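What follows is one structure encoded as structure tokens, with my remarks underneath.
Each reported figure results from applying straightforward, stated rules to the coordinates on display, with no laboratory input. Backbone-built Cβ (ideal geometry, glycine too); neighbour counts: all protein chains shown.
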Amino acid sequence: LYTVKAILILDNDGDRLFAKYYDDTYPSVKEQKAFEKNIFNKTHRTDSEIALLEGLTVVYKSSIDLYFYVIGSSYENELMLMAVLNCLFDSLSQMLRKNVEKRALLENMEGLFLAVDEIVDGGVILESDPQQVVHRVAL
Amino acid sequence: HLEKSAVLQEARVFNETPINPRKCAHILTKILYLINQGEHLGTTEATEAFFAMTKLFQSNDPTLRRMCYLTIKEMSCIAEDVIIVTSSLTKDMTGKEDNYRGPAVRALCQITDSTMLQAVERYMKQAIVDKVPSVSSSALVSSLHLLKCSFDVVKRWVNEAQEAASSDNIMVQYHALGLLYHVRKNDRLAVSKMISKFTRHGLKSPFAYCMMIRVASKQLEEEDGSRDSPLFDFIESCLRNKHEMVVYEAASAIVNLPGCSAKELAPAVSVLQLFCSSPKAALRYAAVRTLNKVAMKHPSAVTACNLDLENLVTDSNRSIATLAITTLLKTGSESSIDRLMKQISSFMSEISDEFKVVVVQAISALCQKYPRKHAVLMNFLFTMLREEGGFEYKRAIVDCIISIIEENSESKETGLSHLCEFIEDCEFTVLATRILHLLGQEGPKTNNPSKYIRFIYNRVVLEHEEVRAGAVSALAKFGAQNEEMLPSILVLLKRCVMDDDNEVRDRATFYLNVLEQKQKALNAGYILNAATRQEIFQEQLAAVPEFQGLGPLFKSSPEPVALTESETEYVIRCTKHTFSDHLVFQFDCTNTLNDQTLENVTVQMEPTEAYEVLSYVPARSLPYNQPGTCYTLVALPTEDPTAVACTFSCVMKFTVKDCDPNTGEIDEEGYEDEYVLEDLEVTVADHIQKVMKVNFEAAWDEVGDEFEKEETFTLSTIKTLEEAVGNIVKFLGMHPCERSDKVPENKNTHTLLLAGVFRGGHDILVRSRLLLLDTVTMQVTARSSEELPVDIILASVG
Amino acid sequence: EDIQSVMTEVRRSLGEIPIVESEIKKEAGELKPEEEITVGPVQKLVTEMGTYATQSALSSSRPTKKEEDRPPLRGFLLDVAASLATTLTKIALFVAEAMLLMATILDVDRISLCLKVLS
């Protein structure tokens, strides 16, 4: 619910190759990096089952190559929240026939992008399951 | 990498017709990438880009249709024109590539404007409403950003508008409701009848449920009415399904028991607790911290041990580590187990999911439950704290020290003893600064001089001009106060301990020199650093000068009356004031609606039981949420039978003027309507001071002598005072007496011989002999030193 | 006055860290010459701009501390003959011109401006 501070897909070199601040109210590319730094540096590819930072939900994940960040508020249950996060790995994996890689990332961004807008759009998750998508999309 | 430049040049690619969707798309992609990564640039170029891009648009090249959406999408609350597409939007609108249509509208809406708003509208209406769920969704999202801006344009449509929200897809159903988050922001009543709709049907989206919960909950705090059945109803509903989140959600708030609900709910909860109890919902941790609150009830507590023991045991899962601290805390602990744990902790804390942070939080809680208190623990802890350490204690210390002060701890001798020592050989100059400052104030109120000195010397012992310096500064509050031996010696010491090292020399010299400069006693001082309540109201009232008599206020209102009921636009609370001569009703308020400001305001009162009516006063202007004063004035007749208790009839008159709150307008025109004004009744307690007599014996009789009226009733269906009692103590506001007041939850006989003095000076006196034979027959006397009161009391008491 | 002027000049020239209140105290002495030999309110104004500047900066925010103020005397320090002088100082605790100058100076504001320019 207009609830994504950003969803970022971050490299684990603290880099971010995706960020959409769906919702935002703080700025700076730097501050974004800084903010990123404290937490990323700290989580350092390691993640947690759950993590709350800022009273805010941090659901983040890692892949086998990439670090997934979503920032949200601990003010909206894990199970769902994760479900979207889950949705993110999985569909990308199946559809593409391949999940995220650094390589994958490097060849083309777009698909992520395509997906992303569809799934979520700002601080409101319009959707969180693949299938609909799968049919819906045909690129 | 990113950079704008290639691309602007590269815009000439637009010039080709032989292109591949891929080829261009990529180029398009490149620009978008710089940006996805981040870019910043000029409008001119953007505008240009548009044109350039825009330029291309023969095709339906589908792919082409998307990219632009993006592109455009990039611009929304910080845009550049709107018009250009327009055609293109319409083109979709008649044009069945369904798909496409939806993305485009959506961007526009942060970017929007009102004229242009006009545009979509008949259709739009349709459109939101239209067909396949998919399309409809697309429609929705679009508003919201426009809602930022506004959305009321929409809003209006509403009686009619909502009904379409009626759904047949889950996902959708969930969605409909948030828009209703703002809908319910707008309205509460609506919900209520509404809920019975929400309540009415079982729901689809777990998701839909959730918003309701918050809400539902939100409602509950003060009570969501007789949640009994609803709460219950809900209770199942939250309770089970195939979607976990609800059960949990419900669970955390709902406890209820300090000697309260625990019934089913504890079992269900237990099913859950246990069920969760290994990261099903790693959620479980948070809850214990507050969401599902714990501070227990006594047998209840004992039961809790096992669950906490699992976490305590497991030591893993970030979600686990946190959980360990809250559960243990909330439920509390025995000393003994702590011991086992201290060792566990010894390893654990450093990183064990990065335990230190949870722990600092835990620790902050520790400092609080014992902030220098269970000092033995504080010391055990202290030893341990320092010990287990790392370094990370310091941070904690900032809290801990603070805690100790909060108590203003008293096993300081010991507490301090540990602190002092350890800190010495637990280092960090920084801590010292803080503590110094505090200590600085405290000194000889807590004695133990030799020790304290003993310490102090040590603190200084350390090098640092700076470290040294603090002992002297702390000392000033101390010195000045002196202790169990200090003044003589205090004088001796500064002498005994002295230093060179220039600026360090200087510090000694200077303090001295400073010392040198004031009489040390003085030195220390500088450096170290009726005509009631209601009468006041008679005066407060006095600043006005339109009077037509007043007097001095005698007593004031026994109860202020809201003259406009609850949360009304013209919300009124009124207070009534009595003087020996006049009574003023001064009217307190919040011309409520931001709709209105009321102007040309005066207050009518029309009376039944006497007062001479001098004037109705109103406030000149009353804007929203802001007391202003209006008054109504009377002079009080005192020696008449029936002449100061009155009910007065109220009608509010005003010329009603509309507001723009943004920036208003205040103009001569606007038209009146008048609204009913609530009654004012005047009491026998706005006027009276309740008393004890100057001469009861005599007075008691005497008051009879001159004054006395009577009423008798014989009570045959009820043999209880109590009804009578409710009207009399309370109406008159006087004292029941002659040690003839008291009755337990029963009593055989009762007299109130009762007192206070009425306005206009003279007194109003009452004797109520209530007599129980076993019927009650009773003699009520009112006797008075004022004529108007005897008739009055008999009435008034009712 | 030569010394005073020099001090001001050097101060202007520096700016990039330090700590001294103590210094302030150090120049002043129990008594000392200041201004012509007296310019009263204007002189109160004199104390107000030179000191205020030091202060303006002071009022501004910090990184590493430089020293937490204990300028209680600082206050008298700014405001038969000796007795009279003391009384005057207490009361305080051309003149118009000095005040205006101080206001203009009022140096956190300057620092903020510099930061903005850099950005």
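Screening the candidates A:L1, A:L10 for the property of being touching a helix residue (DSSP H, G or I) at 6+ places or on another chain (Cβ under 7 Å) and either more than 20 Å from A:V124 (Cβ to Cβ) or away from chain B (no Cβ under 12 Å) (or both) yields one hit, A:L10. Summed over region B:200-236, the residues that are within 14 Å of chain A (Cβ to nearest Cβ) and either surrounded by fewer than 12 Cβ atoms within 10 Å (Cβ to Cβ) or in contact with a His (Cβ under 9 Å, 6 or more places away or on another chain) (or both) give a count of 5. Taking the listed residues B:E723, B:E745, B:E710, the one that is in contact with a helix residue (DSSP H, G or I) (Cβ under 9 Å, 6 or more places away or on another chain) and over 22 Å from B:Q689 (Cβ atoms) is B:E710, with no other qualifying. Scanning region C:28-43 for residues that are surrounded by 12 or more Cβ atoms within 10 Å (Cβ to Cβ) and of a type outside the set (A, V, I, L, M, F, W, C) turns up C:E34, C:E35, C:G40, C:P41, C:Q43.
Scanning region B:444-475 for residues that are within 14 Å of chain C (Cβ to nearest Cβ) and either basic (K, R) or in a loop (DSSP other than H, G, I, E, B) (or both) yields one hit, B:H464. Listed by position, the helices (runs of 4 or more DSSP H) inside region B:115-160 whose residues that are farther than 19 Å from B:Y69 by Cα and more than 14 Å from chain A (Cβ to nearest Cβ) number at least 3 are B:121-129, B:152-155. Only one of the listed residues (B:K185, B:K204) is basic (K, R) and in a helix (DSSP H, G or I). That residue is B:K185. Among residues belonging to region B:284-316 that are among the hydroxyl-bearing types (S, T, Y) and within 14 Å of chain A (Cβ to nearest Cβ), point out the one that is surrounded by the most Cβ atoms within 10 Å (Cβ to Cβ). It comes out as B:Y285. Annotation: of all residues in region C:76-99 being closer than 20 Å to C:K26 by Cβ and surrounded by 13 or more Cβ atoms within 10 Å (Cβ to Cβ), the one that is nearest to the other protein chains (Cβ to nearest Cβ) is C:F76. The residues of region B:57-89 that are over 26 Å from A:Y21 (Cβ atoms), within 14 Å of chain A (Cβ to nearest Cβ) and not in a helix (DSSP H, G or I) amount to a single one, B:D61. Taken as a whole, the structure leaves B:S166 outside the set of residues that are crowded, with 19+ Cβ neighbours inside 10 Å and either within 21 Å of B:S138 (Cβ to Cβ) or within 11 Å of chain A (Cβ to nearest Cβ) (or both).
Here B:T327 meets each of (1) within 14 Å of chain A (Cβ to nearest Cβ); (2) surrounded by 19 or more Cβ atoms within 10 Å (Cβ to Cβ); (3) over 17 Å from B:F391 (Cβ atoms) with one exception, condition (1). Among the residues of region B:477-499, are any surrounded by 14 or more Cβ atoms within 10 Å (Cβ to Cβ), away from every other protein chain (no Cβ under 14 Å) and at positive phi? Yes: one or more hits. Screening region A:28-68 for residues that are part of a loop (DSSP other than H, G, I, E, B) and within 11 Å of chain B (Cβ to nearest Cβ) and picking the one that is nearest to B:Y285 (Cα to Cα) gives A:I50.
Among the residues of region A:95-139, those that are among the charged types (D, E, K, R) and either on the phi > 0 side of the Ramachandran plot or away from chain B (no Cβ under 13 Å) (or both) comprise A:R97, A:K98, A:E101, A:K102, A:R103. Identify all residues within region B:504-521 that are away from chain C (no Cβ under 12 Å) and either exposed (fewer than 14 other Cβ atoms within 10 Å of the Cβ) or among the acidic types (D, E) (or both); write none if there are none. Hits for region B:504-521 are B:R505, B:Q519, B:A521.
Filtered by the rule that a residue be away from every other protein chain (no Cβ under 11 Å) and surrounded by fewer than 17 Cβ atoms within 10 Å (Cβ to Cβ), region B:526-541 gives B:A531, B:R533, B:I536, B:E539, B:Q540. On inspection, B:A281 fails the criterion of being in a helix (DSSP H, G or I), hydrophobic (A, V, I, L, M, F, W, C), buried (at least 18 other Cβ atoms within 10 Å of the Cβ) and over 26 Å from the mean Cα position of the chain (by Cα). Tell me yes or no: at least one residue of region B:11-27 is farther than 20 Å from A:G122 by Cβ, surrounded by fewer than 16 Cβ atoms within 10 Å (Cβ to Cβ), of a type in the set (K, R) and within 12 Å of chain A (Cβ to nearest Cβ). There is at least one residue in region B:11-27 that is farther than 20 Å from A:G122 by Cβ, surrounded by fewer than 16 Cβ atoms within 10 Å (Cβ to Cβ), of a type in the set (K, R) and within 12 Å of chain A (Cβ to nearest Cβ).
A single entry from B:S352, B:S364, B:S319, B:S333 fulfils the requirement of being under 24 Å from B:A281 (Cα atoms) and surrounded by fewer than 19 Cβ atoms within 10 Å (Cβ to Cβ): B:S352.
Here region A:1-27 is the region considered, the condition is being part of a loop (DSSP other than H, G, I, E, B) and aromatic (F, W, Y), and the residue that is nearest to A:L106 (Cα to Cα) is A:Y21. Name every residue in region A:69-82 that is buried (at least 20 other Cβ atoms within 10 Å of the Cβ), more than 9 Å from every other protein chain (Cβ to nearest Cβ) and not in a strand (DSSP E or B), in order of residue number. Within region A:69-82, A:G72, A:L81 qualify.
When the helices (runs of 4 or more DSSP H) confined to region C:1-84 are screened for residues that are under 24 Å from B:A474 (Cα atoms) and not acidic (D, E), those reaching at least 3 such residues are found at C:22-28, C:72-78.
In a residue-by-residue description of region C:100-108, the property of being over 28 Å from C:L31 (Cα atoms) and either polar (S, T, N, Q) or more than 19 Å from the chain's Cα centre (by Cα) (or both) applies to at least one position. Restricting to region B:419-443, and then to whatever is assigned to a loop (DSSP other than H, G, I, E, B) and touching a helix residue (DSSP H, G or I) at 6+ places or on another chain (Cβ under 6 Å), can you tell me which residue is surrounded by the fewest Cβ atoms within 10 Å (Cβ to Cβ)? Only one residue tops the list, namely B:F428.
Looking across region B:742-789, the residues that are among the basic types (K, R), part of a strand (DSSP E or B) and buried (at least 16 other Cβ atoms within 10 Å of the Cβ) come down to B:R767, B:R783. Scanning region B:556-572 for residues that are more than 14 Å from B:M652 (Cβ to Cβ) and assigned to a strand (DSSP E or B) yields B:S556, B:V561.
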